[PDB]
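# Close look at the chain arrangement
This is what each chain is made of:
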Amino acid sequence: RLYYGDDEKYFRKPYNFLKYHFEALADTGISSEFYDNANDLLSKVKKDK
Amino acid sequence: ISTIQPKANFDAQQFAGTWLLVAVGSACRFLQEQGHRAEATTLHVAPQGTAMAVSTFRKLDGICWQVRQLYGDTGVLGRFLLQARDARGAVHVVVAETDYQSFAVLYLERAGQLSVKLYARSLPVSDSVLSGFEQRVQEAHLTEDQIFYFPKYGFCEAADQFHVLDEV
């Protein structure tokens, strides 16, 4: 039999806690930003007499 | 221990490699009540020297689950203790009868509990081995109502990293 052991089903709340809620949540927020610029400007004159 | 003895000159080496669980005769009502929904159980075995690495695999709800147990050497060739992992207690396992290239019969005993398993290298098992095991069940004083056959398909080698129970 492959089965789940029923131990640890409950914990006793110490008196100093008004609540201990045990709600399970996850939040994942991800932001990825990429910015690239190039500004290339060759300018030239050549001359002869 | 019951009136049972190991395979004479049991060899962990040849007993090594994969075994398929064919059938289990047990007093454990878990197989009696909801004996259906017991998955095809495969048992990779490796000589941990005197102990044996024994990785059961199952499809728990279709989740491939490896359960690596040391069948730790009790100090008698072919008898094992399985650590006594927890309140599960010590489980006295005896390789009672086998030919290492086709079949083996294992006896597993716990306090007030005895269970016997038929394993085969390949499936189907020979009818001679089947009826021999059924005789072993009679000699264990179990009834036919207490023999439960495990399905022949959906064996699941290679439980992942996380679906590995690693009881040790």
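Regarding how it was determined, this PDB entry cites cryo-EM in its header, along with a resolution of 3.0 Å.

The PDB entry annotates chain B as Complement component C8 gamma chain of Homo sapiens. In the PDB, the structure is listed with the title "CryoEM structure of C5b8-CD59". Its UniProt record, at the heading Sequence similarities, says of chain B: "Belongs to the calycin superfamily. Lipocalin family."

Looking at the PDB entry, one finds chain A named Complement component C8 alpha chain, with Homo sapiens as its source organism.

### Considerations on the overall build of chain A
Of regular secondary structure, chain A possesses zero helices and zero strands. Burial analysis of chain A (49 residues in total) assigns 0% to the buried set. Counting every atom, chain A has about 6700 Å² of accessible surface; 50% of that belongs to carbon and sulfur.

### Considering the overall build of chain B
Across its full length, chain B carries three helices and 10 strands. Reading chain B from its N terminus to its C terminus gives the helix and strand order α-β-α-β-β-β-β-β-β-β-β-α-β. For a compact globule of 168 residues, the expected C-alpha radius of gyration is about 15 Å, and chain B comes in at 15 Å, within 12% of that figure. Expressed along its principal axes, the backbone C-alpha trace of chain B runs to roughly 40 × 35 × 35 Å. By the burial criterion, 45% of the 168 residues in chain B qualify as buried. Within chain B, contacts between residues at least 6 apart in sequence are counted, and of these 56% link residues at least 24 apart.

### Digging into the pattern of salt bridges
Residues and elements named next belong to chain B. With the rule as written, the count across this model stands at six salt bridges over all chains. The residue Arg-68 makes a salt bridge to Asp-166 at a minimum N-O spacing of 2.8 Å. With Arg-68 in strand β4 (residues 63–71) and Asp-166 in the segment after β10 (147–149), this pair connects stretches of sequence that are 98 residues apart. Residue classification places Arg-68 among the partly exposed residues on the basis of a relative accessible area of 31%. The class for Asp-166 is partly exposed, based on a relative accessible area of 33%. Note that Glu-139 and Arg-136 form a salt bridge whose closest N and O atoms lie 4.0 Å from each other.

### Considering the environment of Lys-59 of chain B
Residues and elements named next belong to chain B. With respect to the helices and strands, the residue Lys-59 is situated in strand β3 (residues 51–60). Residue classification places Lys-59 among the partly exposed residues on the basis of a relative accessible area of 31%. Residues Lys-59 and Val-168, 109 residues apart in the sequence, show an inter-C-alpha distance of 20 Å. Among residues more than four places away in sequence, those in contact with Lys-59 are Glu-39, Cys-64, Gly-154 and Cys-156.

### Overview of a nonpolar patch on the surface
On the surface, a cluster of nonpolar side chains totalling about 530 Å² of accessible area is made up of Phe-11, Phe-17, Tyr-20 and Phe-22 of chain A. Assessed through its relative accessible area of 36%, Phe-17 of chain A is described here as partly exposed.

### Regarding the state of the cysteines
All names here are of chain B. The full count for this structure, using the stated rule, is one disulfide over all chains. The residue that forms a disulfide with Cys-64 is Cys-156, at a sulfur-sulfur distance of 2.0 Å. On the sign convention where negative means left-handed, the S-S torsion of about -125° between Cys-64 and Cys-156 marks this disulfide as left-handed. Placement of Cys-64 in strand β4 and of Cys-156 in the segment after β10 is noted, with a sequence separation of 92 residues between them. Among the residues examined, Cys-64 registers a relative accessible area of 11% and is labelled buried.

Each value, and the rule that gives it
Residues numbered from 1 in each chain as written, not as in the entry; some residues may be left out. Chains lettered and ligands numbered in written order. Part of a larger assembly, values for the part shown. Heavy atoms only, no water. UniProt positions renumbered as here; feature names shortened; annotations may be inferred. Helix = DSSP H or I, 4+ residues; strand = E, 2+ residues; numbered from the N terminus. Buried < 20%, exposed > 50% of the residue type's maximum accessible area, 1.4 Å probe, protein only. Areas by Shrake-Rupley, 256 points an atom, 1.4 Å probe, with all protein chains shown as cover. Rg over C-alpha atoms; globule rule 2.2 N^0.38 Å. Contact = heavy atoms within 4.5 Å. Salt bridge = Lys/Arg side-chain N within 4 Å of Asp/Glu carboxyl O. Patch = residues over 30% accessible without salt bridge, like charges linked within 9 Å, V, L, I, M, F, W, Y side chains within 5 Å. Disulfide = S-S within 2.5 Å.

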